[PDB]
């Protein structure tokens, strides 16, 4: 007679085990399943119950959380289900594409189940703390009714009705990080060719990057409204600076793919009569 809802967790990898542990510690009657059945033993010792098949696992609860390796693993496990999922809520926290999340929603709807797609930012040891954040998309009614359960895993945010929006958010944020990181490596190449110690320079880059979040928010506001101004100076001033940037790094034998790309966009926007605007206005040339 516990006030916590029963929960089923499919998948006991590092993340899935941490999610199952969080539910067990919160008093939920937790039923777990894993392709390798032996991985259930530590969860059972913590207070969970094990299931031999995914069918037995989903039959134990209305709330089913899927945390497997990838989308192919989700298709195989859910495809082995022969029991009714009508009236259940399926929360998929497995990595995957926006198209796959949208397909999963249709698969659940055909079976009478509600569907939420979630994406996790953080490490399994931090599940249930403020160092893990989760993005969700799908039916708003399903999110609102189960948000207190989801926030037991960490910080939670809802992105919209489109079931693929959480996957869009995840892939876009990760891509942005790799844009930053590869530009970081190429910048280290420039200073290394000049005899600068890269380790100390990297720490100085870290301090410079910390001042950019306020600039990114402002650029998003200018793009969303269409009011473009000289953010980092006029485009005429920035374009002349870009040529100096390209000449210096190329004189050292270092690549300049993004620097030359930015210069071409700046020159086009200036030629279009918008030389007094700023960097954010280059978005009009991309989309």
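Positions refer to the first chain, counted from 1.
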Once you work out the mean C-alpha B-factor for both 259 to 267 and 20 to 28 from the entry, which is higher? 259 to 267
Which wins on mean Cα temperature factor, 108 to 116 or 67 to 75? 67 to 75
Highest CA temperature factor in the entry: which of 162, 203, 169, 179? 203
Looking at 61, 34, 225, 49, which one carries the largest C-alpha B-factor according to the PDB entry? 225
Among the modelled residues of its chain, the C-alpha B-factor of residue 253 falls in the third labelled middle
In terms of the CA temperature factor given in the entry, to which third of its chain does residue 154 belong: lowest, middle or highest? middle
Place residue 44 in the lowest, middle or highest third of its chain's C-alpha B-factors, as listed in the PDB entry. middle
Modelled-residue ranking by C-alpha temperature factor, third containing residue 241: highest
Would you check the entry's CA temperature factor for residue 183 and let me know if it's in the chain's lowest, middle or highest third? lowest
